[PDB]
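In order, the protein sequence lines correspond to chains D, A, C and B.
According to the deposited numbering, numbering within the first sequence proceeds without interruption in unit steps and concludes at 106.
According to the deposited numbering, numbering within the second sequence proceeds without interruption in unit steps and concludes at 106.
According to the deposited numbering, numbering within the third sequence proceeds without interruption in unit steps and concludes at 106.
According to the deposited numbering, numbering within the fourth sequence proceeds without interruption in unit steps and concludes at 106.
Just so you know, even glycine gets a beta-carbon here, dropped at the ideal spot from N, CA and C.
Heads up: the structure comes next, in structure tokens.
There are 4 protein chains.
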Amino acid sequence: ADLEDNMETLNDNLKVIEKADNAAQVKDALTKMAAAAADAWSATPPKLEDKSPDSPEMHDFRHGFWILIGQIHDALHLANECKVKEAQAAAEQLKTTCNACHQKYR
Amino acid sequence: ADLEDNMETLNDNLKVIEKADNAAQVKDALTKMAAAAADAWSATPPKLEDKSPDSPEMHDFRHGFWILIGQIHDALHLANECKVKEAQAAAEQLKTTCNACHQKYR
Amino acid sequence: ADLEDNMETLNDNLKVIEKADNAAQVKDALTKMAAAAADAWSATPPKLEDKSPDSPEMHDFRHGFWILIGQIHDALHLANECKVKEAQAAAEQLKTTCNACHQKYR
Amino acid sequence: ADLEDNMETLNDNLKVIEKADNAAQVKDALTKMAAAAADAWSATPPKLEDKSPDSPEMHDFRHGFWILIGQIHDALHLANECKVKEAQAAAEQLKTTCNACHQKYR
Ligand code: HEM
Ligand code: HEM
Ligand code: HEM
Ligand code: HEM
Ligand SMILES: *[C@@H]1CC(=O)N(C)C1=O
Ligand SMILES: *[C@@H]1CC(=O)N(C)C1=O
Ligand SMILES: *[C@H]1CC(=O)N(C)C1=O
Ligand SMILES: *[C@H]1CC(=O)N(C)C1=O
Ligand SMILES: [Zn+2]
Ligand SMILES: [Zn+2]
Ligand SMILES: [Zn+2]
Ligand SMILES: [Zn+2]
Ligand SMILES: [Zn+2]
Numbered sequence: 001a002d003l004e005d006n007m008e009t010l011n012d013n014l015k016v017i018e019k020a021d022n023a024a025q026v027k028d029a030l031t032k033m034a035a036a037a038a039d040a041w042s043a044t045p046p047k048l049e050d051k052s053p054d055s056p057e058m059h060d061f062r063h064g065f066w067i068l069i070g071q072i073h074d075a076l077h078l079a080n081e082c083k084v085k086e087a088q089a090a091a092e093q094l095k096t097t098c099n100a101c102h103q104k105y106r
Numbered sequence: 001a002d003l004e005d006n007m008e009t010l011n012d013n014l015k016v017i018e019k020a021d022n023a024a025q026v027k028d029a030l031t032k033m034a035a036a037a038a039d040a041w042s043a044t045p046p047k048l049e050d051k052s053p054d055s056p057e058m059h060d061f062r063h064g065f066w067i068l069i070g071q072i073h074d075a076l077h078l079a080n081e082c083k084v085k086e087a088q089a090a091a092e093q094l095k096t097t098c099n100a101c102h103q104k105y106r
Numbered sequence: 001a002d003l004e005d006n007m008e009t010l011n012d013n014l015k016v017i018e019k020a021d022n023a024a025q026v027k028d029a030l031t032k033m034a035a036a037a038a039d040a041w042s043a044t045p046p047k048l049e050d051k052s053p054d055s056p057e058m059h060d061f062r063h064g065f066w067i068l069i070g071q072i073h074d075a076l077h078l079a080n081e082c083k084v085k086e087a088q089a090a091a092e093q094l095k096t097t098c099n100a101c102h103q104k105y106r
Numbered sequence: 001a002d003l004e005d006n007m008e009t010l011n012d013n014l015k016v017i018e019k020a021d022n023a024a025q026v027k028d029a030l031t032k033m034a035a036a037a038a039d040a041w042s043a044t045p046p047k048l049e050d051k052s053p054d055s056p057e058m059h060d061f062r063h064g065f066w067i068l069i070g071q072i073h074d075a076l077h078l079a080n081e082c083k084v085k086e087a088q089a090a091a092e093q094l095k096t097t098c099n100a101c102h103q104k105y106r
């Protein structure tokens, strides 16, 4: 799929987690973020369109995705453990990653 | 790509790493494995086509990939650190992950 | 050592990364953060002394430490890859972890 | 404890996981492994008695503990999710880590 709406998927579901009442809602939302993050692994962003995929800045662009994927993995465990406020915070802390990569590659 | 290809991608580069003389070959190989593992995230394996995408086996199916992704991530760091032998061992260790998921959903 | 003293160690070093010129200052600093973070895995914080180690809340208190350990582990790879500004950024992010646990347990 | 005592803690708890019947015994055991792994972080092995604890040779010895800590954190998540067989498998796999570090530093 596209990076935007891979990014939209991530962003919508992030708010869903923010407004959630319950675990079920969070589990479903995190799973959707997992799909969009993994599916975004391929993409070449607009800033980086001519740079080589095997390029030092593509390597750093993807790394940020490993970070995100790892942070979503763990938050899903917390959700699965029905530690909701805890999943919710891990999601909030997961924001930096979004931010660090935005500042640099967008 | 096809679940099948991705598995072939992982497999093939696994041997490339087992065989490698220097860092560059290991890095390139790992990176390919990363692409295949991430791309495979959304696949529904043949043994589970009946069972829903939100089902318990599917979550456990997907979890296994989270583990692979994390292990590839770290090995690439070791490769980047020119610690080749160590990278090659981290690869060999991974094989368990491949095998835990094969025993179960294969 | 002391929980207080480890916190100090984490902080002091955190700043040393902030004012870094080179990777070596960063690697050394992170390695110490690692020692402090691991060494504090044990500690019972003041607000929790009445609570059993095996309490749901000393399970979350410790969880936070795993997050920090993981984050440092990864920043050290970045540093070891002489990816210095990048390592610096990973350090900036991991503050969230310091703050999530402060707001709750401190 | 001294490296030896933590290694025994690790070893003993691993059989306990091995023979377990219910989640509770697995979690209690993994939590102990966590303490022993974190508490070992600082130990110098004996074949490194001389080598300064900023050698890259120390750095590599500890790296292995970052790997163990991470694999324990997870297997605890699995256990906390009452996914007991899955937790048990995650412990068996994580030995490779035990085995790798024994081979090199022991
Ligand atoms: C973190 C979980 C995260 C969020 C949230 C997020 C959101 C987001 C939006 C809303 C856009 C705009 C898309 C549009 O078409 O309107 C956007 C764009 C980009 N993102 Fe992002 N994004 C998050 C995480 C990450 C991470 C970890 C990275 C890189 C490692 C990343 C990258 C990008 C890039 C590059 C863009 C530019 C897209 C474009 O304008 O074409 N995002 N993101
Ligand atoms: C580890 C990196 C890994 C390797 C290597 C690997 C290889 C592999 C092969 C060669 C096949 C056969 C496909 C073919 O037709 O040639 C195969 C098949 C499946 N596997 Fe696999 N695989 C690795 C890892 C993993 C992981 C982490 C999982 C589960 C999370 C997994 C699972 C599967 C499944 C399902 C198949 C069947 C594919 C199909 O025919 O649809 N593997 N793998
Ligand atoms: C991140 C790596 C991190 C930093 C930095 C940090 C700093 C810190 C400070 C500055 C203090 C006290 C400072 C003051 O009094 O002005 C302090 C003390 C406590 N901390 Fe902390 N800390 C970091 C990480 C973490 C994490 C991840 C946790 C929880 C898992 C945590 C918790 C605490 C607690 C409790 C205290 C109070 C200690 C006491 O007085 O006994 N910190 N830390
Ligand atoms: C994995 C969790 C793990 C286990 C289990 C383990 C066990 C273990 C034993 C049983 C000994 C010998 C003690 C006896 O009386 O039988 C031993 C010794 C050492 N270990 Fe270990 N070990 C595990 C993991 C690891 C890891 C990941 C490392 C390094 C990163 C490591 C290191 C060592 C070292 C060094 C020794 C020598 C100390 C000694 O017993 O003389 N172990 N371990
Ligand atoms: C998580 C989901 C559920 O039903 N419980 C009781 C949990 O703890
Ligand atoms: C460091 C290690 C290596 O193999 N190369 C090519 C480096 O630059
Ligand atoms: C370590 C130092 C450096 O310049 N590189 C590229 C490293 O991996
Ligand atoms: C499922 C697994 C567990 O430990 N509890 C308390 C559950 O409800
Ligand atoms: Zn769109
Ligand atoms: Zn966790
Ligand atoms: Zn590592
Ligand atoms: Zn990394
Ligand atoms: Zn997990």
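The beta carbons of residue 79 of chain A and residue 14 of chain A sit no closer together than 9 Å.
Proximity of chain B to residue 11 of chain D at the Cβ level (cut-off 9 Å) is not reached, the minimal Cβ distance being about 26 Å. Per DSSP, residue 44 of chain C lies in no alpha helix (DSSP H) segment and is marked neither H nor E. Taking a Cβ-Cβ threshold of 7 Å, the residues of chain D close to residue 69 of chain A are 66, 69, in chain order. The contact set of residue 60 of chain A on chain B, defined by CB atoms closer than 8 Å, consists of 83, 86 in chain order.
A distance of 9 Å or more separates the beta carbons of residue 70 of chain C and residue 63 of chain B. Counting only Cβ-Cβ distances below 7 Å, residue 80 of chain D has contacts in chain B at 81, in chain order.
Residue 58 of chain D has its Cβ no nearer than 8 Å to any heavy atom of ligand 1. Residue 26 of chain B is positioned such that its CB atom lies closer than 9 Å to that of residue 87 of chain B. Interface with chain B (9 Å Cβ-Cβ cutoff): residue 42 of chain C is included.
If only complete runs of 4 or more residues are kept, the region 40-104 of chain A shows the alpha helix (DSSP H) at 56-80, in order along the chain. Per DSSP, residue 19 of chain C is not a residue of any alpha helix (DSSP H), being assigned neither H nor E.
For residue 100 of chain B, the neighbours in chain A by C-beta distance under 8 Å run, in chain order, 89, 93. Against chain A, a Cβ distance below 7 Å from residue 96 of chain B picks out 93, 96. Counting only residues of its own chain and dropping the five nearest sequence neighbours on each side, residue 48 of chain A has a CB closer than 7 Å to the CB of 57, 58, 61, 105.
Judged by DSSP in its simplified three-state form, residue 5 of chain D adopts coil rather than helix or strand. Exposed is the label assigned to residue 99 of chain C, since fewer than 16 other Cβ atoms lie within 10 Å of its Cβ. Burial check for residue 39 of chain C: the Cβ neighbour count within 10 Å reaches 16 or more, so the residue is buried.
Any heavy atom of ligand 2 within less than 6 Å of a residue's beta carbon puts that residue on the list, which reads A:3, A:4, A:7, A:8, A:10, A:11, A:14, A:45, A:46, A:61, A:64, A:65, A:68, A:94, A:97, A:98, A:101, A:102, A:105, A:106. Residue 74 of chain C belongs to the set of residues whose beta carbon lies under 9 Å from a beta carbon in chain A. The C-alpha of residue 3 of chain B lies about 32 Å from the C-alpha of residue 75 of chain D. Per the coordinates, the alpha-carbon of residue 41 of chain C lies some 30 Å from the alpha-carbon of residue 101 of chain D. About 4 Å separates the Cβ atoms of residue 6 of chain B and residue 36 of chain B, confirming a contact at the 8 Å cut-off.
With a threshold of 8 Å, the Cβ atom of residue 23 of chain B counts as near ligand 8, since some heavy atom of the ligand is closer than that.
Only 28, 31, 34, 35, 38, 39 from the region 11-40 of chain D bring a Cβ to less than 8 Å from some Cβ of chain A. The C-alpha of residue 93 of chain C is placed about 8 Å away from the C-alpha of residue 93 of chain D.
If you draw a 10 Å sphere on the C-beta of residue 81 of chain B, you find 16 or more other C-beta atoms in it, and that means buried. At the C-beta level, residue 91 of chain D and residue 8 of chain D stay beyond 9 Å of one another. If you draw a straight line from the Cα of residue 77 of chain A to the Cα of residue 50 of chain C, it comes to about 42 Å. Pairing residue 84 of chain C with residue 20 of chain C gives a Cβ-Cβ distance under 9 Å. For residue 80 of chain C, the distance from the CB to the nearest heavy atom of ligand 8 is not below 8 Å. For residue 52 of chain B, the closest C-alpha among the options C:68, C:67, C:28 is that of C:28.
Under the 9 Å criterion on CB atoms, residue 2 of chain B is classed as non-interfacial with respect to chain C.
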